[PDB]
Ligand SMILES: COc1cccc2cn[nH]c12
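In structure tokens, the next block holds one chain alone, the form deposited without this ligand.
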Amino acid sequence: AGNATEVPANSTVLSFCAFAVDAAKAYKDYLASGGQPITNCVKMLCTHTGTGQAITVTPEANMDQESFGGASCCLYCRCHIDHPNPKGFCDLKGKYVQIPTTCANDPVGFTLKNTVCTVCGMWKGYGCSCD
């Protein structure tokens, strides 16, 4: 009974992060010890003529990005663990997330390590027009 959500290539990394005190540090350490990034994310087909903003209602990838389903790029959603936000809610689930094509092999790791500019809506260092 039930419907699978996961593939065996992700069992080890998700188990490790599901038990960690610090899941983000565990994912970073897992990659540094030679582990594979989390796969089975929700990658979208789009026209690559979007705004390029980081977190959006519909896919907004520009020609330098890919669009993904937001929950699928969130380590806390993937491991079914608590989110770090004060109220424990997610800022990616229910949105699409644009990820630079150069980083699209590890969308979960990308969202863990990067920050969205609140003024322009683009990723700091990957599109932000403020600095």
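Numbering starts at 1 and runs along the sequence shown.
Omitted here: the form solved in complex with this ligand. The next part is about that form.
Of the heavy atoms in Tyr27, some are within 4.5 Å of this ligand in the deposited bound form. At the 4.5 Å threshold, heavy atoms of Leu14 stay clear of this ligand in the deposited bound form, well away from it.
In the deposited bound form, no heavy atom of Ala71 sits within 4.5 Å of this ligand.
By the criterion of a heavy atom within 4.5 Å, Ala20 is excluded from the residues contacting this ligand in the deposited bound form. With respect to this ligand in the deposited bound form, the three residues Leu31, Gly109 and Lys113 uniformly fall within 4.5 angstroms at the level of their nearest heavy atom.
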